[PDB]
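Reviewing the structure listed below.
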Amino acid sequence: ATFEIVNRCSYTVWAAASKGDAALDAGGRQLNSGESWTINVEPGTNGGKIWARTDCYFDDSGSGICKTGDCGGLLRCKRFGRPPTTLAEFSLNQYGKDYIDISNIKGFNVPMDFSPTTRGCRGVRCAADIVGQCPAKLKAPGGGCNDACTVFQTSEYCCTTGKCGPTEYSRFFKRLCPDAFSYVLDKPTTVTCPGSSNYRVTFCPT
């Protein structure tokens, strides 16, 4: 499957792609304002994620740090990133279909649109100014808007017991971005696409 990652932000971002225990394609790359990077994700990839990283610094070996979404200090991510991270999530070729969504469960750092470039389904988007409107207690000093689980570490926010409800914090993310997951047990906003669809992830779509 092909994923064209486009940075429409006025600032540079370092795209990242991983399935948790391994990188997807190269795993990460720098995207200056306006640049596009097309990656190949193997069919059947389950639990894949694409996200943007901001304010990064990498040496010649590809080692460094990012203020948001840092993945073990690597340019080429092989693991998931450090919150806050707006997440484009997907599982491909699952019994004949693809499943995609955007999630704010791990916070929000950069606005994003995640849409298919092929026929058969709609895209999803979370492009509201979540960082600017972020509740004071969720603001990440390093940048972005943290999710409540990251900040408070409670069973209710992290849904540890598999039993949790919406909260004042989850409702904030849901109000600004109704089409993205605001908490673990949020009413699903997952989109079903034809198996083997291709996609485009656009940072700062508006």
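Residue numbering restarts at 1 for every chain of the structure tokens, chains are lettered A, B, ... in their displayed order, and ligands are numbered from 1 as they appear.
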
Q: Would you return as a ChimeraX atom specification the members of region 19-188 of chain A that DSSP assigns to helix (DSSP H, G or I) on this structure's backbone?
A: /A:130-133,136-138,148-152,155-158,168-176

Could you produce a table of the residues of region 63-135 of chain A lying within 8 Å of region 197-203 of chain A, with the nearest pair of atoms per residue and their separation in Å rounded to one decimal, using only C-alpha atoms, ordered by chain and increasing residue number, as JSON lines?
```
{"residue": "A:88", "atom": "CA", "partner": "A:201", "partner_atom": "CA", "distance": 7.6}
{"residue": "A:98", "atom": "CA", "partner": "A:197", "partner_atom": "CA", "distance": 7.1}
{"residue": "A:110", "atom": "CA", "partner": "A:203", "partner_atom": "CA", "distance": 6.7}
{"residue": "A:111", "atom": "CA", "partner": "A:203", "partner_atom": "CA", "distance": 5.8}
{"residue": "A:112", "atom": "CA", "partner": "A:203", "partner_atom": "CA", "distance": 4.6}
{"residue": "A:113", "atom": "CA", "partner": "A:202", "partner_atom": "CA", "distance": 5.1}
{"residue": "A:114", "atom": "CA", "partner": "A:201", "partner_atom": "CA", "distance": 4.6}
{"residue": "A:115", "atom": "CA", "partner": "A:200", "partner_atom": "CA", "distance": 5.5}
{"residue": "A:116", "atom": "CA", "partner": "A:199", "partner_atom": "CA", "distance": 4.1}
{"residue": "A:117", "atom": "CA", "partner": "A:199", "partner_atom": "CA", "distance": 4.9}
{"residue": "A:118", "atom": "CA", "partner": "A:198", "partner_atom": "CA", "distance": 5.8}
{"residue": "A:119", "atom": "CA", "partner": "A:197", "partner_atom": "CA", "distance": 7.8}
```

Q. Separation of CA of residue 81 (chain A) and CA of residue 195 (chain A), in Å?
A. 26.8 Å

Q | Nearest to residue 168 (chain A) by atom-to-atom distance, counting only C-alpha atoms, from A:187, A:49, A:137, A:67 | A | A:137

Q: Skip residue 42 (chain A) itself and residues of its chain fewer than 5 positions away, then list as a PyMOL selection string all residues within 9 Å of it, counting only C-alpha atoms.
A: chain A and resi 1-2+24-25+92

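The shell of residues at most 6 Å from residue 147 (chain A), with only C-alpha atoms counted and near chain neighbours (fewer than 2 positions) removed, consists of residues 106, 107, 149 and 150 of chain A.
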
Residues of region 40-73 of chain A that approach region 100-103 of chain A to 12 Å or less, counting only C-alpha atoms: could you list each one with the shortest pair of atoms and its distance in Å to one decimal, rows by chain and increasing residue number, as JSON lines?
```
{"residue": "A:45", "atom": "CA", "partner": "A:100", "partner_atom": "CA", "distance": 11.8}
{"residue": "A:46", "atom": "CA", "partner": "A:100", "partner_atom": "CA", "distance": 10.7}
{"residue": "A:47", "atom": "CA", "partner": "A:100", "partner_atom": "CA", "distance": 9.8}
{"residue": "A:48", "atom": "CA", "partner": "A:100", "partner_atom": "CA", "distance": 9.6}
{"residue": "A:49", "atom": "CA", "partner": "A:102", "partner_atom": "CA", "distance": 9.4}
{"residue": "A:50", "atom": "CA", "partner": "A:102", "partner_atom": "CA", "distance": 9.7}
{"residue": "A:51", "atom": "CA", "partner": "A:102", "partner_atom": "CA", "distance": 10.0}
```

Residues of region 109-139 of chain A at most 7 Å from region 177-186 of chain A: nearest atom pair and distance in Å, only C-alpha atoms, as a Markdown table:
```
| residue | atom | partner | partner_atom | distance |
| --- | --- | --- | --- | --- |
| A:124 | CA | A:179 | CA | 6.5 |
| A:125 | CA | A:179 | CA | 6.6 |
| A:126 | CA | A:177 | CA | 5.3 |
| A:128 | CA | A:177 | CA | 6.6 |
```

May I have the residues from that selection written out with C-alpha atoms, as a PDB file, in the first residue's frame?
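File produced: out_31.pdb:
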```
ATOM      1  CA  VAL A 124     -11.052  11.698   8.274  1.00  0.00           C
ATOM      2  CA  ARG A 125      -9.696  14.982   9.593  1.00  0.00           C
ATOM      3  CA  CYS A 126      -8.727  16.819  12.779  1.00  0.00           C
ATOM      4  CA  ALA A 128      -8.970  22.502  14.533  1.00  0.00           C
TER       5      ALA A 128
END
```

**Q.** Who sits within 10 Å of residue 10 (chain A), only C-alpha atoms, same chain under 4 positions skipped, as an MDAnalysis selection string
**A.** chainID A and resid 32:34 203:204

Q | Neighbour list for residue 169 (chain A) as a PyMOL selection string, cut-off 12 Å, only C-alpha atoms, skip fewer than 6 positions in-chain | A | chain A and resi 104-105+107+130+134-139+145-152+156-158+175-176+182-183

Residue subset to file, keeping N, CA, C and O atoms, as a short mmCIF file (atom, residue, chain, number, x, y, z; two decimals), in the first residue's frame:
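again.cif, written as the output of this step:
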```cif
data_model
loop_
_atom_site.label_atom_id
_atom_site.label_comp_id
_atom_site.auth_asym_id
_atom_site.auth_seq_id
_atom_site.Cartn_x
_atom_site.Cartn_y
_atom_site.Cartn_z
N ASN A 104 -6.72 11.15 19.04
CA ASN A 104 -6.16 12.17 19.93
C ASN A 104 -5.95 11.54 21.31
O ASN A 104 -5.72 12.24 22.30
N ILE A 105 -6.03 10.21 21.38
CA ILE A 105 -5.86 9.49 22.64
C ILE A 105 -4.47 9.72 23.24
O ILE A 105 -4.28 9.64 24.46
N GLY A 107 -2.83 12.59 22.67
CA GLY A 107 -2.64 14.02 22.50
C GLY A 107 -2.68 14.50 21.07
O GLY A 107 -2.94 13.74 20.14
N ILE A 130 -6.31 22.83 18.12
CA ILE A 130 -6.30 22.21 19.44
C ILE A 130 -5.17 22.71 20.34
O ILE A 130 -5.36 22.85 21.54
N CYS A 134 -6.05 24.49 23.78
CA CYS A 134 -5.74 23.49 24.79
C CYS A 134 -5.96 23.92 26.24
O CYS A 134 -5.53 25.00 26.64
N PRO A 135 -6.63 23.07 27.04
CA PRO A 135 -6.86 23.41 28.45
C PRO A 135 -5.50 23.62 29.11
O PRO A 135 -4.55 22.89 28.82
N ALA A 136 -5.41 24.61 29.99
CA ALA A 136 -4.15 24.92 30.66
C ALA A 136 -3.44 23.71 31.25
O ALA A 136 -2.22 23.57 31.11
N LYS A 137 -4.18 22.84 31.93
CA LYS A 137 -3.58 21.68 32.56
C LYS A 137 -3.04 20.63 31.59
O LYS A 137 -2.25 19.77 31.98
N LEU A 138 -3.46 20.69 30.33
CA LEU A 138 -3.01 19.73 29.33
C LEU A 138 -1.89 20.26 28.43
O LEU A 138 -1.29 19.50 27.67
N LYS A 139 -1.63 21.56 28.51
CA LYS A 139 -0.58 22.15 27.68
C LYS A 139 0.77 21.51 27.95
O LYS A 139 1.19 21.39 29.11
N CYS A 145 -0.58 19.56 22.85
CA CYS A 145 -1.63 19.42 23.85
C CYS A 145 -1.70 17.96 24.28
O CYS A 145 -2.10 17.10 23.50
N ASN A 146 -1.30 17.69 25.52
CA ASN A 146 -1.31 16.33 26.04
C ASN A 146 -2.70 15.78 26.30
O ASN A 146 -3.64 16.52 26.58
N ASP A 147 -2.81 14.45 26.24
CA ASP A 147 -4.05 13.78 26.57
C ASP A 147 -4.03 13.68 28.10
O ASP A 147 -2.97 13.78 28.72
N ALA A 148 -5.20 13.49 28.71
CA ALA A 148 -5.29 13.41 30.16
C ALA A 148 -4.60 12.21 30.80
O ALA A 148 -4.17 12.28 31.95
N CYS A 149 -4.51 11.10 30.07
CA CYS A 149 -3.85 9.92 30.61
C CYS A 149 -2.36 10.23 30.82
O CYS A 149 -1.79 9.96 31.88
N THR A 150 -1.74 10.82 29.81
CA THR A 150 -0.33 11.20 29.88
C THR A 150 -0.05 12.12 31.07
O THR A 150 0.93 11.95 31.79
N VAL A 151 -0.93 13.09 31.27
CA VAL A 151 -0.75 14.05 32.35
C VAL A 151 -1.05 13.55 33.76
O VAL A 151 -0.26 13.76 34.68
N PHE A 152 -2.18 12.88 33.92
CA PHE A 152 -2.61 12.44 35.25
C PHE A 152 -2.44 10.98 35.64
O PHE A 152 -2.49 10.65 36.83
N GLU A 156 -9.17 6.08 35.09
CA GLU A 156 -10.25 6.67 34.32
C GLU A 156 -9.80 7.27 32.99
O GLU A 156 -10.44 7.05 31.97
N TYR A 157 -8.70 8.02 33.00
CA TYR A 157 -8.21 8.63 31.76
C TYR A 157 -7.52 7.63 30.85
O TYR A 157 -7.61 7.73 29.62
N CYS A 158 -6.83 6.67 31.44
CA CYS A 158 -6.10 5.67 30.67
C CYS A 158 -6.94 4.43 30.34
O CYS A 158 -6.51 3.57 29.58
N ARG A 175 -14.91 17.94 21.10
CA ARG A 175 -15.60 19.15 20.67
C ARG A 175 -14.87 19.77 19.48
O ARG A 175 -15.49 20.14 18.48
N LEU A 176 -13.55 19.89 19.59
CA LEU A 176 -12.78 20.48 18.50
C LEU A 176 -12.62 19.54 17.31
O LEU A 176 -12.57 20.00 16.17
N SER A 182 -11.34 10.47 21.03
CA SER A 182 -10.97 11.36 22.14
C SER A 182 -10.55 10.61 23.40
O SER A 182 -9.89 11.17 24.27
N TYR A 183 -10.96 9.35 23.50
CA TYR A 183 -10.58 8.50 24.62
C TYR A 183 -10.72 7.04 24.18
O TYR A 183 -11.32 6.76 23.14
#
```

Q: Find the residues around region 17-20 of chain A up to 12 Å (only C-alpha atoms counted), leave out those fewer than 2 positions away in its own chain, and share them as a PyMOL selection string.
A: chain A and resi 3-5+14-15+22-29+37-42+44-53+69-72+74-81+87-92+201

For N, CA and C atoms, I'd like the residues from the last selection saved as a CSV table (one decimal), in the first residue's frame.
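Dumped everything to part.csv:
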```csv
chain,number,residue,atom,x,y,z
A,3,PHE,N,1.4,5.3,0.8
A,3,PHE,CA,0.9,6.4,1.7
A,3,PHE,C,1.7,7.6,1.3
A,4,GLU,N,1.1,8.6,0.7
A,4,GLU,CA,1.8,9.9,0.4
A,4,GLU,C,1.6,10.8,1.6
A,5,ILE,N,2.7,11.1,2.2
A,5,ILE,CA,2.7,12.0,3.4
A,5,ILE,C,3.1,13.4,2.9
A,14,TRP,N,9.0,16.2,10.9
A,14,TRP,CA,9.7,15.0,10.6
A,14,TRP,C,8.7,13.9,10.7
A,15,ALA,N,8.2,13.4,9.6
A,15,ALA,CA,7.2,12.4,9.5
A,15,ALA,C,7.8,11.1,10.1
A,22,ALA,N,8.4,-2.2,14.9
A,22,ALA,CA,9.2,-2.1,13.6
A,22,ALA,C,8.8,-0.9,12.9
A,23,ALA,N,9.7,-0.4,12.0
A,23,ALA,CA,9.4,0.8,11.2
A,23,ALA,C,8.6,0.3,10.0
A,24,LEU,N,7.9,1.3,9.4
A,24,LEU,CA,7.2,1.1,8.2
A,24,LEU,C,8.0,1.8,7.2
A,25,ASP,N,8.4,1.2,6.1
A,25,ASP,CA,9.3,1.8,5.1
A,25,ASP,C,10.5,2.3,5.9
A,26,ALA,N,11.0,3.5,5.6
A,26,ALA,CA,12.2,4.0,6.3
A,26,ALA,C,12.0,4.4,7.7
A,27,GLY,N,10.7,4.5,8.1
A,27,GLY,CA,10.4,4.8,9.5
A,27,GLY,C,10.3,6.3,9.8
A,28,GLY,N,11.0,7.1,9.1
A,28,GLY,CA,11.0,8.5,9.3
A,28,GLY,C,11.8,9.3,8.3
A,29,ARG,N,11.4,10.6,8.1
A,29,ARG,CA,12.1,11.5,7.2
A,29,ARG,C,11.7,12.9,7.4
A,37,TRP,N,6.4,12.9,0.8
A,37,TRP,CA,7.2,11.7,0.9
A,37,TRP,C,6.3,10.5,0.8
A,38,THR,N,6.5,9.7,-0.2
A,38,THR,CA,5.7,8.5,-0.4
A,38,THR,C,6.3,7.3,0.1
A,39,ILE,N,5.6,6.6,1.0
A,39,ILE,CA,6.1,5.3,1.6
A,39,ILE,C,5.3,4.1,1.2
A,40,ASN,N,5.9,3.0,1.3
A,40,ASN,CA,5.2,1.7,1.0
A,40,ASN,C,5.1,0.9,2.3
A,41,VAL,N,3.8,0.6,2.6
A,41,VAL,CA,3.4,-0.2,3.8
A,41,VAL,C,3.0,-1.6,3.3
A,42,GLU,N,3.6,-2.6,3.9
A,42,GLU,CA,3.2,-4.0,3.5
A,42,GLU,C,1.8,-4.3,3.7
A,44,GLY,N,-1.5,-6.1,4.9
A,44,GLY,CA,-1.7,-6.9,6.1
A,44,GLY,C,-1.2,-6.2,7.4
A,45,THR,N,-0.6,-5.0,7.2
A,45,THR,CA,0.0,-4.3,8.3
A,45,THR,C,-1.1,-4.0,9.3
A,46,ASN,N,-1.0,-4.5,10.6
A,46,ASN,CA,-2.0,-4.2,11.6
A,46,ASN,C,-1.4,-3.3,12.7
A,47,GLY,N,-2.2,-2.3,13.1
A,47,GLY,CA,-1.8,-1.4,14.1
A,47,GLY,C,-0.7,-0.4,13.6
A,48,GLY,N,-0.7,0.0,12.4
A,48,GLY,CA,0.3,0.9,11.9
A,48,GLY,C,-0.1,2.4,12.3
A,49,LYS,N,0.8,3.2,12.4
A,49,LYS,CA,0.6,4.6,12.7
A,49,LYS,C,1.5,5.6,12.0
A,50,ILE,N,1.0,6.7,11.7
A,50,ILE,CA,1.8,7.8,11.0
A,50,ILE,C,1.6,9.0,11.8
A,51,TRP,N,2.7,9.8,12.1
A,51,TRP,CA,2.5,11.0,12.9
A,51,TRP,C,3.6,12.0,12.5
A,52,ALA,N,3.4,13.2,12.9
A,52,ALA,CA,4.4,14.3,12.7
A,52,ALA,C,5.2,14.5,14.0
A,53,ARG,N,6.5,14.9,13.8
A,53,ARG,CA,7.3,15.2,14.9
A,53,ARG,C,7.8,16.7,14.7
A,69,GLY,N,6.5,13.8,19.6
A,69,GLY,CA,6.6,12.6,18.8
A,69,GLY,C,7.9,11.8,18.7
A,70,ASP,N,8.9,12.2,19.6
A,70,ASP,CA,10.2,11.6,19.5
A,70,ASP,C,10.1,10.1,19.7
A,71,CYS,N,10.8,9.3,18.9
A,71,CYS,CA,10.7,7.9,18.9
A,71,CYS,C,12.1,7.3,19.3
A,72,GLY,N,12.4,7.4,20.6
A,72,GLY,CA,13.7,6.9,21.0
A,72,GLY,C,14.9,7.6,20.4
A,74,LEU,N,15.4,8.6,17.4
A,74,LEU,CA,15.9,8.2,16.1
A,74,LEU,C,15.1,8.9,15.0
A,75,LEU,N,15.9,9.2,13.9
A,75,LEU,CA,15.3,9.9,12.7
A,75,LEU,C,14.3,8.9,12.1
A,76,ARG,N,14.8,7.7,11.9
A,76,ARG,CA,14.0,6.6,11.3
A,76,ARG,C,13.4,5.8,12.4
A,77,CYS,N,12.2,6.1,12.7
A,77,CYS,CA,11.4,5.5,13.8
A,77,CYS,C,11.2,4.0,13.6
A,78,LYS,N,11.3,3.2,14.7
A,78,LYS,CA,11.0,1.8,14.7
A,78,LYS,C,10.0,1.5,15.8
A,79,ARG,N,9.7,2.5,16.6
A,79,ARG,CA,8.8,2.4,17.7
A,79,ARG,C,7.9,3.7,17.7
A,80,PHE,N,6.8,3.6,18.5
A,80,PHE,CA,5.9,4.7,18.5
A,80,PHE,C,6.5,6.0,19.1
A,81,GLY,N,5.9,7.1,18.9
A,81,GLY,CA,6.4,8.4,19.4
A,81,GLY,C,5.9,8.9,20.7
A,87,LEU,N,-2.5,11.2,15.8
A,87,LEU,CA,-2.2,9.9,15.1
A,87,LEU,C,-3.1,9.5,14.0
A,88,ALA,N,-2.5,9.1,12.9
A,88,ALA,CA,-3.2,8.5,11.7
A,88,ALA,C,-3.0,7.0,12.0
A,89,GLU,N,-4.1,6.3,12.2
A,89,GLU,CA,-4.0,4.9,12.5
A,89,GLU,C,-4.6,4.0,11.5
A,90,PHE,N,-4.0,2.8,11.2
A,90,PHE,CA,-4.6,2.0,10.2
A,90,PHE,C,-4.2,0.5,10.4
A,91,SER,N,-5.1,-0.4,9.9
A,91,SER,CA,-4.9,-1.8,9.8
A,91,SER,C,-5.3,-2.2,8.4
A,92,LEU,N,-4.4,-2.8,7.7
A,92,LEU,CA,-4.7,-3.1,6.3
A,92,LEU,C,-5.0,-4.6,6.0
A,201,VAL,N,-1.7,11.3,3.8
A,201,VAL,CA,-1.7,11.9,5.1
A,201,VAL,C,-1.2,13.3,4.9
```

**Q.** Length of the CA of residue 21 (chain A) to CA of residue 109 (chain A) vector [Å]
**A.** 22.6 Å

Q: Please run DSSP on the backbone and report, as a PyMOL selection string, all residues within chain A that come out as strand (DSSP E or B).
A: chain A and resi 2-7+13-18+23-31+36-40+48-58+63-68+74+87-94+97-103+108+112-116+124-126+139+145+181+191-194+199-203

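For the set A:30, A:66, A:61, A:11, the residue with the smallest atom-to-atom gap to residue 142 (chain A) is A:66, counting only C-alpha atoms.
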
Q) When you draw a straight line from CA of residue 120 (chain A) to CA of residue 99 (chain A), how long is it in Å? A) 12.0 Å

(Q) Using only C-alpha atoms, can you tell me which of A:140, A:62, A:108, A:193 comes closest to residue 127 (chain A)? (A) A:108
